[PDB]
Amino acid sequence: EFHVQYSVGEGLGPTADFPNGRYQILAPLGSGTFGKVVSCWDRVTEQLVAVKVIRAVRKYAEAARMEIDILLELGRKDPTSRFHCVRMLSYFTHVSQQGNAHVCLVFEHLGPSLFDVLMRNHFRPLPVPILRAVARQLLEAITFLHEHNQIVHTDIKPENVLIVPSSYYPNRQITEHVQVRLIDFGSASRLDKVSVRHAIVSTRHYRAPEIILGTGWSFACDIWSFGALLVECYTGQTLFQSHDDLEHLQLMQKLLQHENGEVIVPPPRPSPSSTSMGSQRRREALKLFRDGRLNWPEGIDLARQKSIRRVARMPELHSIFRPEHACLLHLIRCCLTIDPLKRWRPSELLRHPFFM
């Protein structure tokens, strides 16, 4: 099956009073492989809402109900979104005009994303006072997930941070009074019973090294993504621009090579007698190492010359930050540690001097 197909003006989720649809589609809000997101007029309450229509596939439908399961809990504990996660108002199944069945989630009216904010400013650096406000509210959301709910997000990234329209201005620039919302809990997970997983999670640019290495990931995988997000706001640019595992790990090595410790260490050799998902990942990760060292640049093999220049342009972490922003460098250093066991809890990072 495929995605939903809509024209502006048609209605979603028909009911007895509105057989054409309770939610009148107003404008597109965003989309992706998961489905589509439309701004809608709730004909019942006569309020602005956002409806996320999920592509009629059980890969995405199962993720969607996982997101419903999480947002139901977050909404009950934190109804006014004190902890800045997106508020889900409703959920229903929309039987397509064409035949497919679509789960849809109803949300508070959504503003543009943090990625949208960056792109529209030509990926110019985000001012530190505004970066601080975004980081604090984001860290409050992550604290709410990890410690108040034992949930790991696994996909912290600028696209998954939305600006509340009230904080947004018609001149399309955010101040330090901006309010954010952490969104997209379909790839989230509950670690209350099984706290260590080995599935490949997170989008590539924000993926923590332990996910690539197969040593087992947990809540700390979100802190690394947070730290890469912060750097991205400070420079305007995506930190790790690579899709190859070996080169990606070397970019980590190059960036953190002057933070002492901080070296890419291979995972323990797995059982040859194990068809586990952990062993398979560690089996593939150990091919990127020769004798306990990351096999870069010899492991790329032409291309070894392109990887050498790309890694050479990768800046060292200290070099990125201006002298008057040493405190923000210190905060990020407790985030971008290669060993996940040295990363701080989000509650500890909220007490970091950068936030006072």
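We number the residues from 1 along the sequence you see.
According to the record, the deposited sequence contains 4 to 9 residues between residue 301 and residue 302 that were left without coordinates. Stretch comparison (86-94 versus 215-223) by mean CA B-factor in the PDB entry places 86-94 on top. When the C-alpha B-factors of 277-285 and 134-142 are averaged, 277-285 comes out higher. Comparing the C-alpha B-factors of 209, 158, 272, 75 in the entry, the top value falls on 272.
Based on the entry's C-alpha B-factors, the most elevated value among 202, 81, 100, 238 belongs to 100. Among all modelled residues in this chain, the alpha-carbon of residue 168 has a temperature factor (C-alpha) in the highest third. Split the chain's modelled residues into thirds by C-alpha temperature factor. Residue 191 is in the lowest one. The entry lists a Cα temperature factor for residue 198 that places it in the lowest third of the chain's modelled residues. When all modelled residues of the chain are sorted by CA temperature factor, residue 247 is found within the middle third.
For residue 122, the recorded CA B-factor ranks within the middle third of the chain. Only modelled residues enter the ranking.
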